[PDB]
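Undergrad: To start, I am sharing the structure in question, which I have written as structure tokens.
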Amino acid sequence: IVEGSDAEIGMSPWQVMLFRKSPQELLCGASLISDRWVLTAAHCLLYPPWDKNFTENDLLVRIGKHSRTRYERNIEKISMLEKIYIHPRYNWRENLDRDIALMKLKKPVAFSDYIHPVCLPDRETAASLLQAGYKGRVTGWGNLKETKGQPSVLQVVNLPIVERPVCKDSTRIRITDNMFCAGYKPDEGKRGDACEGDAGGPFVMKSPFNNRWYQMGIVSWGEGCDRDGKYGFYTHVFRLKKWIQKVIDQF
Amino acid sequence: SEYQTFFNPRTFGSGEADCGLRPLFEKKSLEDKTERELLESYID
Amino acid sequence: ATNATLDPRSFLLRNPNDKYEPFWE
Ligand SMILES: *[C@@H]1O[C@H](CO)[C@@H](O)[C@H](O)[C@H]1NC(C)=O
Ligand code: NA
């Protein structure tokens, strides 16, 4: 996260860290959506141009974390994966269309002050809140600047949703209805973005209708980070909710 | 609990009914340092 | 039509150098 600040304790209790056991590495962010399901970006699991194609046995998730590198005993919970499900129409060859994956935990996790699931939006919440100029919130342990600069604790930044024609005109990459972008325009007098290491983390919004937090997006891709006239791109969660439902209902 | 569950707890597991309410914030009616900025973005 | 500059948002490191603290067993 670029131009963010330190999260407060328990501020994002749905934040999940995808972690490589050996050699030990933070891989990506993710989000807790129930006691047994975690949502992430498809490219955090499958990206053949980078020789990346993880199996379940390949990764761990770390839930309830704040420190990037400390083992937060009695606070964080570490879980093994039972199965990974990647969207069958995930477009890794081109533009990362449908950059979404689900991970089933081997055992349900216990909730605490630090561990608590986010809501996924219903059709009406998604239509109401996904509007240009409203702000959502992105969190992660990714790079602090375009370049190795890495935070000591979870970072947060709030960013406005950008109108689709501005998202489109900002990039030569083909954008789709399964994506949205967020960030300040040049001349809006504020900055901020997600960055490398933040993918799979949640773009969330607080409902004024019921005070609940909803995950509208998944950090997916960009062109550099926090550049003037560029915007962060996020997987459109609600647009892909029929798939999430299909997977969870079948396992 | 101003929320209608979408998924089946049998396959989804527990936690949906109480989703999106943080124990250290909403559950105690305490606000985090920057959530006001989100709520304001609805007005502006 | 060009994805030449597309930067998927995950890459990684142990920034202090060589270290996350061990966990689990
Ligand atoms: C990823 O790996 C699995 C087998 O481990 C394979 O079925 C699949 O084809 C791989 N994806 C590719 C080659 O794009
Ligand atoms: Na920008």
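A note on labels: chains of the structure tokens are A, B, ... as shown, every chain counts residues from 1, and ligands are counted from 1 in their shown order.
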Set the cut-off to 8 Å, count only C-alpha atoms and all ligand atoms, and list whatever residues fall near ligand 1 as a PyMOL selection string.

TA: chain A and resi 46-48+53-55

Undergrad: Take the residues just selected and output them with N, CA, C and O atoms as a CSV table (one decimal), in the first residue's frame.

TA:
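The result, stored in result-v1.csv:
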chain,number,residue,atom,x,y,z
A,46,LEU,N,-2.3,-19.0,-9.6
A,46,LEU,CA,-2.0,-19.5,-10.9
A,46,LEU,C,-1.6,-18.3,-11.8
A,46,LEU,O,-2.4,-17.4,-12.1
A,47,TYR,N,-0.3,-18.3,-12.1
A,47,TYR,CA,0.1,-17.3,-13.1
A,47,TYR,C,1.3,-17.9,-13.9
A,47,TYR,O,2.5,-17.7,-13.6
A,48,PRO,N,1.0,-18.6,-15.0
A,48,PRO,CA,2.1,-19.3,-15.7
A,48,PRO,C,3.2,-18.5,-16.3
A,48,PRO,O,4.3,-19.1,-16.4
A,53,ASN,N,2.1,-21.9,-10.1
A,53,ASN,CA,0.9,-22.8,-10.2
A,53,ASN,C,0.8,-23.6,-8.9
A,53,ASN,O,1.1,-24.8,-8.9
A,54,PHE,N,0.4,-23.0,-7.8
A,54,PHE,CA,0.3,-23.7,-6.5
A,54,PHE,C,-0.8,-24.7,-6.3
A,54,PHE,O,-1.9,-24.5,-6.9
A,55,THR,N,-0.5,-25.8,-5.6
A,55,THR,CA,-1.5,-26.7,-5.2
A,55,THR,C,-1.9,-26.4,-3.7
A,55,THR,O,-1.3,-25.5,-3.1

Undergrad: Could you report the residues within 6 Å of ligand 2, using only C-alpha atoms and all ligand atoms, as a ChimeraX atom specification?

TA: /A:183,226-231

Undergrad: Given the selection you just returned, output its residues as a file containing C-alpha atoms, formatted as a tab-separated table (two decimals), in the first residue's frame.

TA:
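File out-v1.tsv, as written:
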chain	number	residue	atom	x	y	z
A	183	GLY	CA	-7.72	6.08	-6.87
A	226	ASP	CA	0.46	5.42	-7.35
A	227	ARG	CA	1.40	6.95	-10.70
A	228	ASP	CA	-0.38	10.14	-11.80
A	229	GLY	CA	-3.29	9.37	-14.17
A	230	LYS	CA	-3.22	5.61	-13.47
A	231	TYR	CA	-5.71	3.76	-11.20

Undergrad: Between A:193, A:94, A:82, A:249, single out the one closest to chain C, counting only C-alpha atoms.

TA: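 Ranked by minimum distance to chain C, first place goes to A:94.
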
Undergrad: Nearest residue to residue 223 of chain A out of C:7, C:15, C:25, C:1, using only C-alpha atoms?

TA: C:7

Undergrad: What is the atom CA of residue 198 of chain A to atom CA of residue 218 of chain A distance in Å?

TA: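 Interatomic distance here is 9.3 Å.
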
Undergrad: DSSP on the backbone: what in chain B comes out helix (DSSP H, G or I), as a PyMOL selection string?

TA: chain B and resi 9-12+26-28+35-41

Undergrad: Write out the residues from the selection above, keeping C-alpha atoms, as a JSON list (two decimals), in the first residue's frame.

TA:
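Generated file (result.json):
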[["chain", "number", "residue", "atom", "x", "y", "z"],
["B", 9, "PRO", "CA", -24.39, -22.32, 6.48],
["B", 10, "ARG", "CA", -24.15, -26.08, 5.82],
["B", 11, "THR", "CA", -21.75, -25.42, 2.89],
["B", 12, "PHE", "CA", -20.62, -21.83, 3.69],
["B", 26, "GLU", "CA", -18.93, -1.74, 15.53],
["B", 27, "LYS", "CA", -19.66, -4.21, 18.34],
["B", 28, "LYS", "CA", -18.59, -1.61, 20.93],
["B", 35, "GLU", "CA", -13.90, 5.40, 8.57],
["B", 36, "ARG", "CA", -15.50, 8.90, 8.74],
["B", 37, "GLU", "CA", -13.75, 9.67, 5.44],
["B", 38, "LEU", "CA", -15.68, 6.77, 3.84],
["B", 39, "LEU", "CA", -19.06, 7.91, 5.23],
["B", 40, "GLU", "CA", -18.39, 11.47, 4.07],
["B", 41, "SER", "CA", -17.62, 10.33, 0.54]]

Undergrad: Using only C-alpha atoms, which chain A residues lie at most 7 Å away from chain C, written as JSON, numbers by chain?

TA: {"A": [25, 26, 27, 28, 44, 69, 70, 71, 94, 95, 148, 150, 172, 173, 174, 195, 196, 197, 198, 199, 220, 221, 222, 223, 224]}

Undergrad: Once you have the residues from the selection above, write them out as a short mmCIF file (atom, residue, chain, number, x, y, z; two decimals), in the first residue's frame, restricted to N, CA, C and O atoms.

TA:
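Generated output (part-v7.cif):
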data_model
loop_
_atom_site.label_atom_id
_atom_site.label_comp_id
_atom_site.auth_asym_id
_atom_site.auth_seq_id
_atom_site.Cartn_x
_atom_site.Cartn_y
_atom_site.Cartn_z
N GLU A 25 7.90 -16.81 2.68
CA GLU A 25 7.58 -15.64 1.90
C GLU A 25 6.13 -15.24 2.06
O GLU A 25 5.24 -16.08 1.97
N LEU A 26 5.87 -13.95 2.27
CA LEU A 26 4.52 -13.45 2.10
C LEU A 26 4.21 -13.51 0.59
O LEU A 26 4.99 -12.99 -0.21
N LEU A 27 3.11 -14.15 0.19
CA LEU A 27 2.72 -14.21 -1.23
C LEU A 27 1.72 -13.16 -1.68
O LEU A 27 1.88 -12.54 -2.74
N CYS A 28 0.67 -12.96 -0.88
CA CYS A 28 -0.50 -12.15 -1.32
C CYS A 28 -1.36 -11.93 -0.10
O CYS A 28 -1.11 -12.52 0.95
N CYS A 44 -2.71 -14.94 -7.70
CA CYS A 44 -1.90 -15.24 -6.54
C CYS A 44 -1.64 -16.74 -6.46
O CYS A 44 -0.75 -17.15 -5.75
N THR A 69 5.78 -9.73 10.01
CA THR A 69 6.85 -10.75 10.14
C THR A 69 6.86 -11.51 11.47
O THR A 69 7.36 -12.65 11.55
N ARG A 70 6.32 -10.89 12.52
CA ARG A 70 6.23 -11.56 13.83
C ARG A 70 5.23 -12.72 13.84
O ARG A 70 4.22 -12.71 13.12
N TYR A 71 5.53 -13.75 14.64
CA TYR A 71 4.55 -14.79 14.94
C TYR A 71 3.70 -14.36 16.14
O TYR A 71 4.14 -14.36 17.28
N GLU A 94 -4.14 -12.66 -20.82
CA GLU A 94 -4.34 -11.32 -21.36
C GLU A 94 -4.38 -10.27 -20.28
O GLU A 94 -3.37 -9.62 -20.00
N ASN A 95 -5.54 -10.13 -19.66
CA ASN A 95 -5.81 -8.96 -18.82
C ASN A 95 -6.24 -9.31 -17.42
O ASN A 95 -6.70 -8.44 -16.70
N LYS A 148 10.99 -2.67 -2.91
CA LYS A 148 11.34 -3.52 -1.77
C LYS A 148 10.86 -2.94 -0.43
O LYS A 148 10.77 -3.67 0.57
N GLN A 150 8.97 -2.28 2.50
CA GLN A 150 7.97 -3.19 3.03
C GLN A 150 7.51 -2.78 4.44
O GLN A 150 8.36 -2.53 5.30
N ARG A 172 -3.95 1.24 -21.73
CA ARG A 172 -4.01 0.50 -23.00
C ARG A 172 -4.48 -0.95 -22.81
O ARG A 172 -4.86 -1.64 -23.76
N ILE A 173 -4.44 -1.42 -21.56
CA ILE A 173 -4.96 -2.75 -21.27
C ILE A 173 -6.48 -2.78 -21.47
O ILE A 173 -7.18 -1.83 -21.08
N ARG A 174 -6.99 -3.87 -22.06
CA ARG A 174 -8.44 -4.03 -22.25
C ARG A 174 -9.12 -4.29 -20.91
O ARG A 174 -8.86 -5.30 -20.25
N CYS A 195 -0.25 -1.95 -4.27
CA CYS A 195 1.01 -2.20 -4.93
C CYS A 195 1.35 -3.69 -4.89
O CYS A 195 0.55 -4.51 -4.45
N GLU A 196 2.54 -4.03 -5.39
CA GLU A 196 2.93 -5.43 -5.45
C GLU A 196 2.98 -6.03 -4.04
O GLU A 196 3.50 -5.42 -3.13
N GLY A 197 2.37 -7.19 -3.86
CA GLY A 197 2.26 -7.79 -2.52
C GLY A 197 0.89 -7.59 -1.89
O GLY A 197 0.57 -8.28 -0.92
N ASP A 198 0.09 -6.69 -2.45
CA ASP A 198 -1.27 -6.44 -1.97
C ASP A 198 -2.37 -7.25 -2.70
O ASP A 198 -3.48 -7.30 -2.18
N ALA A 199 -2.09 -7.82 -3.88
CA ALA A 199 -3.11 -8.60 -4.62
C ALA A 199 -3.81 -9.60 -3.73
O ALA A 199 -3.19 -10.23 -2.86
N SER A 220 -6.18 -6.57 -7.73
CA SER A 220 -5.78 -7.40 -8.88
C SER A 220 -4.50 -6.89 -9.58
O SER A 220 -3.47 -7.54 -9.56
N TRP A 221 -4.57 -5.73 -10.22
CA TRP A 221 -3.42 -5.29 -11.01
C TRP A 221 -3.35 -3.77 -11.17
O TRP A 221 -4.26 -3.04 -10.75
N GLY A 222 -2.26 -3.31 -11.75
CA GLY A 222 -2.08 -1.87 -12.02
C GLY A 222 -0.94 -1.72 -12.99
O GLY A 222 -0.50 -2.70 -13.60
N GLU A 223 -0.48 -0.51 -13.15
CA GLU A 223 0.67 -0.24 -13.95
C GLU A 223 1.51 0.55 -13.02
O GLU A 223 1.20 1.63 -12.73
N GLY A 224 2.56 -0.06 -12.52
CA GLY A 224 3.28 0.55 -11.45
C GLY A 224 2.38 0.74 -10.23
O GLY A 224 1.48 0.01 -10.03
#

Undergrad: Excluding segment 155-171 of chain A and residues on its chain fewer than 5 positions from it, collect all residues at most 7 Å away from it, counting only C-alpha atoms, and give them as a tab-separated table (two decimals) with N, CA and C atoms, in the first residue's frame.

TA:
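Output file part27.tsv follows:
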chain	number	residue	atom	x	y	z
A	1	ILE	N	0.85	-1.20	0.00
A	1	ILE	CA	0.00	0.00	0.00
A	1	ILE	C	0.89	1.25	0.00
A	4	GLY	N	-0.46	5.07	2.48
A	4	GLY	CA	-1.41	4.63	3.51
A	4	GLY	C	-0.91	4.93	4.90
A	5	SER	N	-1.53	4.33	5.90
A	5	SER	CA	-1.02	4.40	7.25
A	5	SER	C	-1.18	3.06	7.94
A	6	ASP	N	-0.61	2.92	9.14
A	6	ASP	CA	-0.72	1.71	9.92
A	6	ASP	C	-2.18	1.47	10.29
A	7	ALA	N	-2.62	0.24	10.09
A	7	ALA	CA	-3.91	-0.17	10.55
A	7	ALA	C	-3.97	-0.12	12.08
A	131	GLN	N	-20.26	3.28	-6.79
A	131	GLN	CA	-20.55	4.49	-7.56
A	131	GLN	C	-19.33	5.38	-7.55
A	132	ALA	N	-19.07	6.06	-8.68
A	132	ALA	CA	-17.95	6.97	-8.77
A	132	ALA	C	-17.97	8.03	-7.67
A	133	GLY	N	-16.80	8.26	-7.07
A	133	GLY	CA	-16.60	9.25	-6.03
A	133	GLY	C	-16.88	8.77	-4.62
A	134	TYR	N	-17.55	7.62	-4.47
A	134	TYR	CA	-17.64	7.05	-3.13
A	134	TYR	C	-16.27	6.39	-2.88
A	135	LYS	N	-15.88	6.32	-1.62
A	135	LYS	CA	-14.60	5.72	-1.26
A	135	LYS	C	-14.78	4.35	-0.63
A	136	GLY	N	-13.83	3.49	-0.94
A	136	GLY	CA	-13.67	2.22	-0.22
A	136	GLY	C	-12.27	2.16	0.38
A	137	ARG	N	-11.96	1.02	0.99
A	137	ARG	CA	-10.76	0.90	1.75
A	137	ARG	C	-10.01	-0.34	1.29
A	138	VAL	N	-8.70	-0.19	1.12
A	138	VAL	CA	-7.82	-1.28	0.74
A	138	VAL	C	-6.73	-1.44	1.80
A	139	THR	N	-6.41	-2.70	2.06
A	139	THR	CA	-5.45	-3.07	3.11
A	139	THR	C	-4.48	-4.12	2.61
A	140	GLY	N	-3.28	-4.09	3.18
A	140	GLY	CA	-2.31	-5.09	2.81
A	140	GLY	C	-0.92	-4.84	3.37
A	141	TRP	N	-0.08	-5.86	3.20
A	141	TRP	CA	1.33	-5.80	3.60
A	141	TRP	C	2.28	-5.63	2.41
A	181	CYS	N	-11.94	0.30	-11.13
A	181	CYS	CA	-10.70	0.94	-10.69
A	181	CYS	C	-10.99	2.00	-9.63
A	182	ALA	N	-9.98	2.32	-8.83
A	182	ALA	CA	-10.13	3.28	-7.78
A	182	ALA	C	-8.82	4.02	-7.62
A	183	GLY	N	-8.91	5.24	-7.10
A	183	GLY	CA	-7.72	6.08	-6.87
A	183	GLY	C	-8.07	7.52	-7.12
A	184	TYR	N	-7.22	8.41	-6.63
A	184	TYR	CA	-7.41	9.83	-6.89
A	184	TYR	C	-6.96	10.21	-8.30
A	192	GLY	N	-2.36	7.70	-3.24
A	192	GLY	CA	-2.59	6.40	-2.62
A	192	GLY	C	-2.95	5.30	-3.61
A	229	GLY	N	-2.45	9.68	-12.99
A	229	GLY	CA	-3.29	9.37	-14.17
A	229	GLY	C	-3.48	7.87	-14.39
A	230	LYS	N	-2.96	7.06	-13.47
A	230	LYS	CA	-3.22	5.61	-13.47
A	230	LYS	C	-4.07	5.31	-12.23
A	231	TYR	N	-4.76	4.17	-12.25
A	231	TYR	CA	-5.71	3.76	-11.20
A	231	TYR	C	-5.49	2.29	-10.93

Undergrad: Considering only C-alpha atoms, extract the chain A residues located within 7 Å of chain B and return them as a list in words.

TA: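 So the contacting residues turn out to be residues 10, 11, 13, 34, 35, 36, 113, 116, 117, 118, 119, 133, 134, 135, 136, 210, 212, 213, 214, 248 and 249 of chain A.
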
Undergrad: If you measure from atom CA of residue 180 of chain A to atom CA of residue 56 of chain A, what distance in Å do you get, rounded to one decimal?

TA: 28.8 Å

Undergrad: Please, what distance in Å, to one decimal, runs between atom CA of residue 75 of chain A and atom CA of residue 111 of chain A?

TA: 10.5 Å
